[PDB]
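In structure tokens, the next block holds one chain alone, the form deposited in one PDB entry.
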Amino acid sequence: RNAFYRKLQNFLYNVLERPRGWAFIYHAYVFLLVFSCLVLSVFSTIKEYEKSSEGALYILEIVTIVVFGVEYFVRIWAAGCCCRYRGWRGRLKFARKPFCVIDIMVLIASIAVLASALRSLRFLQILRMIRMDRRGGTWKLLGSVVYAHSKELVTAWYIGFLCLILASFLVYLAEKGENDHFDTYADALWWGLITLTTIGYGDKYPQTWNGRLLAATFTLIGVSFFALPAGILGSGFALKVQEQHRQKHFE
């Protein structure tokens, strides 16, 4: 009777803590519960779609609080699997983890909201999505790659920033009188920031020949300097994962 006990204890510990394969099926369905509750709470703030949305948001919040309740409780129970945490003192030593106090605070708080209501419920679902990491693996991966490429990212930002100020000043000089778009300097800076990221809202565009002649040169230079750091970090991620594949095929 203890055999199937400990066998399922390590099975649930490996599905609830670091998973490998079809355990991501369970982590995807819990992410779909918190994502569907987030979208439905967005549909609840509109005045005309409020009745249908909250009519389903009540049962979906009860379902999410139950599913998170049993997943927390059997994370504590399946923490008795591992060779370090075992026993009453070991399980309560797992209660000493600050992430477990965070998760139990959120869970009792969702009971308290279900005992500006929907805005607090929306804050609690956002914090459950931040809770989904439990290890900062996304933050640590981004921090390692950003720190590895710090000289090129600073170079891309610094040269793009100086091109932004030069382009905005030259266009403002060209189009101060003949255009109500470019009334002050700050309007030229907002035009340059929206153009050089290739957003292009269209509320401000140069309408003289001087502004179009100057912006034609500076757009070709500047949008490259602003599209750089996505390319630098993109190839940094791909090179890092390629060498990890080779350093896995050895060991």
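Residues carry their position along the shown sequence, with the first being 1. Rigid core: the largest C-alpha set superposing within 1.5 Å between the two forms.
Going from residue 83 to residue 84, you skip over nothing: the modelled chain follows the deposited sequence without a break.
In what follows, reference is made to the form deposited in another entry, a form of this protein that is not presented.
Comparing C-alpha positions between the shown form and the other one after a rigid core fit, one residue in 81, 164, 174, 153 moves 2 angstroms or more. It is 81.
Remark: with the core as the superposition reference, the CA shift of residue 11 between the shown form and the other one reaches 2 Å or more. After superposition on the rigid core, the Cα of residue 200 moves by less than 2 Å between the shown form and the other one. Core-superposed comparison between the shown form and the other one: the Cα of residue 90 travels 2 Å or more.
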